[PDB]
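Naming: A, B, ... by sequence-line order, numbering from 1 per chain. Computation of the quantities below employed the complete heavy-atom set of this structure, encompassing side-chain atoms and omitting hydrogens, waters and symmetry-equivalent molecules.
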Amino acid sequence: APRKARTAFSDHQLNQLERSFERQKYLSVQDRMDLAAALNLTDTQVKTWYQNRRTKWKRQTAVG
Amino acid sequence: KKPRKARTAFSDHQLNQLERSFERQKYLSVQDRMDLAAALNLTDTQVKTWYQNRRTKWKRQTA
DNA sequence: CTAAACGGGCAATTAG
DNA sequence: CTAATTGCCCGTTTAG
């Protein structure tokens, strides 16, 4: 459908999402929702970030 | 809010053909799924669901 | 690059 | 039993 605005994450958001990702490649419902609340992102944003992050990760596992 | 869909009652024939499909191919390509639905006078979704349910059951058998 | 969108699968659940 | 519903993942594609 009409397609929704691309989020531009803040440096603090990107920092803490990279950290979480470093801590954990997958999140529970609970950790996800808490990381969302702590950064003022929606659950979905955080889920799509983590999922997009894995695609890149798998790429770096295929990068050697 | 969204009413639950009626539980499809497949005919003996539809089931036999679904089961024969599954015997050959656990997975259908899109095109194959469309053909088979059309073959059986079913919706693509009816067929996708069946196949999905079927692979579950079959995992319980292989198990 | 990467956020969001897309359809299909998986597991777990719901319910006819 | 099993058809349908849920939330998430994957892999791909779309596009800011």
Polar atoms only, N or O, under 3.5 Å: list the protein pairs with nucleotides 12-16 of chain C and their distances.
unit_1  : atom_1 : unit_2 : atom_2 : d
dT14(C) : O2     : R4(B)  : NH2    : 3.1

Inset, instruction - Identify, residue by residue, the members of residues 9-17 of chain B with a heavy atom below 4.0 Å from DNA chain C, and return them in order of residue number, or none. - result: none
Inset, instruction - Scan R54(A) against the nucleic acid and name what it touches under 4.0 Å (heavy atoms): base, sugar-phosphate only, or nothing. - result: sugar-phosphate
Inset, instruction - Looking only at side-chain atoms of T7(A), point me to the closest of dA3(C), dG8(C), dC10(C). - result: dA3(C)
Inset, instruction - Return the set of residues passing side-chain hydrogen bond (donor to acceptor under 3.5 Å, both in side chains) with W58(B) (not counting sequence neighbours), or none when no residue passes. - result: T62(B)
Inset, instruction - List for me each residue that meets side chain to side chain contact (heavy atoms under 4.5 Å, CB included) alongside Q45(A), sequence neighbours excluded, and say none if there are none. - result: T7(A), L41(A), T42(A)
Inset, instruction - Give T49(B) one of three labels, base, sugar-phosphate or nothing, depending on what nucleic acid heavy atoms sit under 4.0 Å from its own. - result: base
Legend entry - side chain to side chain contact (heavy atoms under 4.5 Å, CB included) involving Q60(A) - partner list, sequence neighbours excluded: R53(A), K56(A), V63(A)
Inset, instruction - Can you measure from CG (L40(B)) to OG (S11(B)) and round to the nearest 0.5 angstrom? - result: 8.0 Å
Inset, instruction - Could you check how far NZ of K1(B) sits from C1' of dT5(D), rounded to whole Å? - result: 16 Å
Inset, instruction - Report the residues that fulfil side chain to side chain contact (heavy atoms under 4.5 Å, CB included) with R23(A), sequence neighbours left out, ordered by chain and then residue number. - result: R19(A), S20(A)
Inset, instruction - Please state whether the phosphate of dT2(D), meaning OP1 or OP2, lies under 4.0 angstrom from any side-chain nitrogen or oxygen of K57(B). - result: yes
Legend entry - Residues from residues 18-28 of chain A lying under 4.0 Å of DNA chain D - heavy atoms: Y26(A)
Inset, instruction - Name all residues meeting the side chain to side chain contact (heavy atoms under 4.5 Å, CB included) criterion together with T56(B); count only those two or more places apart in sequence or in a different chain, and write none if there are none. - result: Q52(B)
Legend entry - Heavy-atom pair of closest approach, residues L17(A) and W49(A): O-CH2, 2.9 Å
Inset, instruction - Let me know the distance between CZ of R59(A) and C1' of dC10(D), rounded to the nearest Å. - result: 16 Å
Legend entry - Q16(A) CD to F9(A) CZ distance, which is reported to the nearest 0.5 Å: 13.5 Å
Legend entry - Distance in angstrom units between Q60(A) CD and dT2(C) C1', rounded: 12 Å
Legend entry - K5(B) atom NZ, over 12 foreign heavy atoms within 6.0 Å: no
Legend entry - N or O in side chain of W49(A) less than 4.0 angstrom from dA3(C) OP1/OP2: yes
Inset, instruction - Under 4.0 Å between any heavy atoms, over every strand shown, what does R3(A) touch: base, sugar-phosphate, or nothing? Just pick one. - result: base
Throw together a table of side-chain donor-acceptor distances under 3.5 angstrom for residues 29-38 of chain A, partners on residues two or more places apart or in other chains.
unit_1 : atom_1 : unit_2 : atom_2 : d
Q30(A) : NE2    : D34(A) : OD1    : 2.6
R32(A) : NE     : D43(A) : OD2    : 2.9

Legend entry - Residues in contact with DNA chain D, drawn from residues 32-47 of chain A - heavy-atom cutoff 4.0 Å: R32(A), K47(A)
Inset, instruction - Kindly assign one of parallel, tilted or perpendicular to the pair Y51(B) and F22(B), based on the angle between their ring planes and the thresholds 30° and 60°. - result: tilted
Legend entry - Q51(A) side chain, from C-beta outward: closest of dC10(D), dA4(C), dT6(D): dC10(D)
Legend entry - Side-chain N,O (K58(A)) to OP1/OP2 (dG11(D)) below 4.0 Å: yes
Inset, instruction - Answer whether the closest heavy-atom distance between the side chains of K58(A) and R54(A) falls below 4.5 Å. - result: yes
Legend entry - Value in whole Å for how far the P atom of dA4(C) lies from CZ of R53(A): 16 Å
